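Below sits a lone chain in structure tokens, taken as the form deposited without adenosine-5'-diphosphate (ADP).
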């Protein structure tokens, strides 16, 4: 059997293919009425209904009937389905499949139930570049709560260890920060100490954009404002942003997440033995979180930040065989 990892974020879609191959693309798609099947290796055009409709996904999906997931791990949504298909296309494998995936703890059982009805024992038939048809018979979906995936990956890599005490996975996304407190005894979530905060990197990016527009007269594209968090960039022949101006914004972002986690954990913070910053937002502010519990910061490679959940979803799926 082929085991794949899948994590359909509202921001990015991550897949770990049969050989461990890591693919990441923006979680967006748009209908195209093209007669073509796009360009293999550059801008694939796919169909899940044999060419009744077609779509482009990822980097090159733009325009203004762009479609995005309305939240993380909504595998049964109609917004996710094209991204699942693109993920399977990108993995490069009628093939029998077990998918390991996940979704936030908050709506775990509902989303799991829905994801199973939408995907389990279904055949996805995807057409792509040169009219090639690939068939994927999803025989089993195995699901873990978001954050648990990351903690399992780190356990399997020897980076953390089962013991008494709590690990706190802080997943800084673009619009949310998903905080998963896991019991290291049994790798099970502590529901009362896990929560989603409605703040993320996007808040900093939007604060920087607003501040640029306010002072300069015109509007940065989102992609450029994100870049401008980490270095100065040019728009309309003006130098704008970089750390001198993005620093206090990023600092406010870290401070608010830290304050909100302190509030939620209260005295249970004394039980924390590992703090585990993941997600793309952790690349910029992740080290600040050590001040929640000094000496507990876990060192995660930058290139694992966005895939740690998917890797662990894949691991969990392999162990159910």
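Residue numbers count along the first chain shown, from 1. We call the rigid core the largest set of C-alpha positions that still match within 1.5 Å between the two forms.
According to the entry, the deposited sequence has 4 to 9 residues without coordinates between residue 93 and residue 94.
When the mean C-alpha temperature factors of 247-255 and 233-241 are read from the deposited coordinates, 233-241 comes out higher.
The stretch with the higher mean CA B factor, choosing between 177-185 and 213-221, is 213-221.
Reading the B-factor column for the CA atoms of 47, 32, 27, 64 in the entry, the top value corresponds to 64. Looking at 39, 56, 276, 284, the one whose CA carries the top B-factor in the deposited record is 284. Per the deposited record, the Cα B-factor of residue 134 falls in the highest third when ranked against the other modelled residues of its chain. The deposited CA B-factor of residue 7 belongs to the lowest third of values across its chain.
In this PDB entry, residue 101 carries a Cα temperature factor that places it within the lowest third of its chain's modelled residues. Per the deposited record, the Cα B-factor of residue 194 falls in the middle third when ranked against the other modelled residues of its chain. Ranked within its chain, residue 146 lands in the lowest third, by CA B factor from the PDB record.
FYI, the form solved in complex with adenosine-5'-diphosphate (ADP) isn't displayed, but the following is about it.
Of the candidates 211, 116, 134, 175, 175 is the one whose heavy atoms come within 4.5 Å of adenosine-5'-diphosphate (ADP) in the bound PDB entry; the others do not.
Between the options 258, 30, 284, 68, the residue in contact with adenosine-5'-diphosphate (ADP) in the bound PDB entry by a heavy atom within 4.5 angstroms is 284.
Comparing 261-269, 55-63, 290-298, 276-284 against adenosine-5'-diphosphate (ADP) in the bound PDB entry, the single stretch with non-hydrogen atoms within 4.5 angstroms of it is 276-284.
The shortest heavy atom separation between residue 87 and adenosine-5'-diphosphate (ADP) in the bound PDB entry exceeds 4.5 Å. In the bound PDB entry, adenosine-5'-diphosphate (ADP) sits within 4.5 Å of a heavy atom belonging to residue 230. Mapping the unseen interface onto this chain, residue 201 counts among the residues with a heavy atom inside 4.5 Å of adenosine-5'-diphosphate (ADP) in the bound PDB entry. Shown alone here, residue 11 lies within 4.5 Å of adenosine-5'-diphosphate (ADP) in the bound PDB entry, counting heavy atoms only. Aligning the rigid core between the shown form and the other one and inspecting 148, 85, 240, 141, the C-alpha positions shift by 2 Å or more at one residue, which is 240. Once the cores line up, the CA of residue 230 ends up 2 angstroms or more apart between the shown form and the other one.
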